[PDB]
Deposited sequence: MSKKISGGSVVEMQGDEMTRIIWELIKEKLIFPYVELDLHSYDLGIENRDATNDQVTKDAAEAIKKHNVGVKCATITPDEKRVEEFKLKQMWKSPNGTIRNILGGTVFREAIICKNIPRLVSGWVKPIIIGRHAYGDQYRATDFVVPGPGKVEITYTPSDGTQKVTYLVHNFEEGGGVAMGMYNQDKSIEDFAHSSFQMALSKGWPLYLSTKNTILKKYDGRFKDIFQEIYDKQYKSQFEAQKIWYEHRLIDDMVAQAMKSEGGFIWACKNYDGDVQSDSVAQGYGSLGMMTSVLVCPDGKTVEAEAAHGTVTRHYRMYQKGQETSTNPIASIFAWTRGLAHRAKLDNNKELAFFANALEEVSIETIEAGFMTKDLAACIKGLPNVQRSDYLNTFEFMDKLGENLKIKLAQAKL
């Protein structure tokens, strides 16, 4: 299959290893691609002073489809490990801040994988605003007594306003400024309403506008305006609704619901609650994560659950590993699925969906990695699972079998 142009972002440690096997055994044997590869490995980002992160983001803007491997965001320990020049910032934040949009996250559900939350019989889709707030903030330590202020200087000559954040009288502490943008919020709202109409489900927006009356009130107002002016009639035609809820009420409503709704989250809440939801369905790694940009055509699919450092340690030590590749697989299929839509590549669309089916049916047939065997029988309880290479070998077979019968 002539898949077309796709931007690839290589990753780190075990996810890097799986990334290549995904390419060699599941994608390349059936799809020919005009790949634009950017190596976002921790060592290459350091070598390029993180410019490669900036380059890849622009390439996605240029070619409209990116697929990203899990990467390391370095901490103190990692700076020493790789002797890094700086503690480089999260490349996910960099890419999202450049492209903007909404990261849609949803569990990857298998019949035989137990949930931790009893009632979630329908999926929950979180729309995480991908821009601003804590992820582009300016925080600093306050070393001692002093005055912390935040000021806004209008460009049209209107008066500068100054607000007291806090007067530190006896000691120091911490302070920080953050922001968000009307246009970004408007895109976030449009993406949320359109996702609800596509799935035929109600939409909920969570904020804390009772406490952040101006900051979070802006989110509430923009959503309600766009709803009243542009979507209410469409929602009523489909027998769905939109509601704003305070964040603490919303997570409780989600916990007790049956699923089957779209959940628009501010950036920070989307990060936190998407991991809570993913784990609630059975496994934190069984999740899709696709950034949908405002233009409606540009997309970045990713594996969101970081690397598997302990698996990498054994892999290079020669010890057998059993690492779950599903999320990395679904970053590809979701990217290829979008590639097909942009190009009307019906052949690629079938392949993308076929591979997702093969992954689910393979696991639902009892062939799975150690991660899922523990979910079923509990970690304390080799014959129950397949090692990394053995599992991917099986997916290759069922994919070739499934594709042949066509």
| property | result |
| --- | --- |
| Unmodelled intervals of the deposited chain, in order | 1-4, 386-387, 413-414 |
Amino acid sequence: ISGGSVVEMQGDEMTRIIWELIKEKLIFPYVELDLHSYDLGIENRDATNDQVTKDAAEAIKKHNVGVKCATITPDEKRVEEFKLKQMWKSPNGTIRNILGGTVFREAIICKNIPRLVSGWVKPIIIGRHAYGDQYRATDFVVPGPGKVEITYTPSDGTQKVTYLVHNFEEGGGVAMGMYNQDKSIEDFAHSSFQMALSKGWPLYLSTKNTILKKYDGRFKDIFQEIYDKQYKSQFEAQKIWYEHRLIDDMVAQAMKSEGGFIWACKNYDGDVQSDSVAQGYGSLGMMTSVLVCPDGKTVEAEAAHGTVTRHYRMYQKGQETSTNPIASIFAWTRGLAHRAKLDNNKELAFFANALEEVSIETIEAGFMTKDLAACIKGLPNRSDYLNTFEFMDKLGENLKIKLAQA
From here on, numbers count along this sequence of modelled residues.
query: Between the two ranges 127-135 and 327-335, the one averaging a larger CA B factor in the entry; finding: 327-335
query: Between the two ranges 208-216 and 93-101, the one averaging a larger CA B factor in the entry; finding: 93-101
query: Residue of maximum C-alpha B factor among 78, 232, 256, 305, per deposited coordinates; finding: 78
query: Candidate set 160, 266, 239, 310 [ranked by C-alpha B-factor, highest]; finding: 310
query: CA B-factor ranking of residue 85, expressed as a third of its chain; finding: highest
query: Position of residue 175 among the chain's modelled residues by C-alpha B-factor, lowest, middle or highest third; finding: lowest
query: Third of the chain's Cα B-factor distribution that residue 270 belongs to, per the entry; finding: lowest
query: Chain-wide C-alpha B factor ranking for residue 74, given as lowest, middle or highest third; finding: highest
query: Relative C-alpha B-factor of residue 319, binned into the chain's lowest, middle or highest third; finding: highest
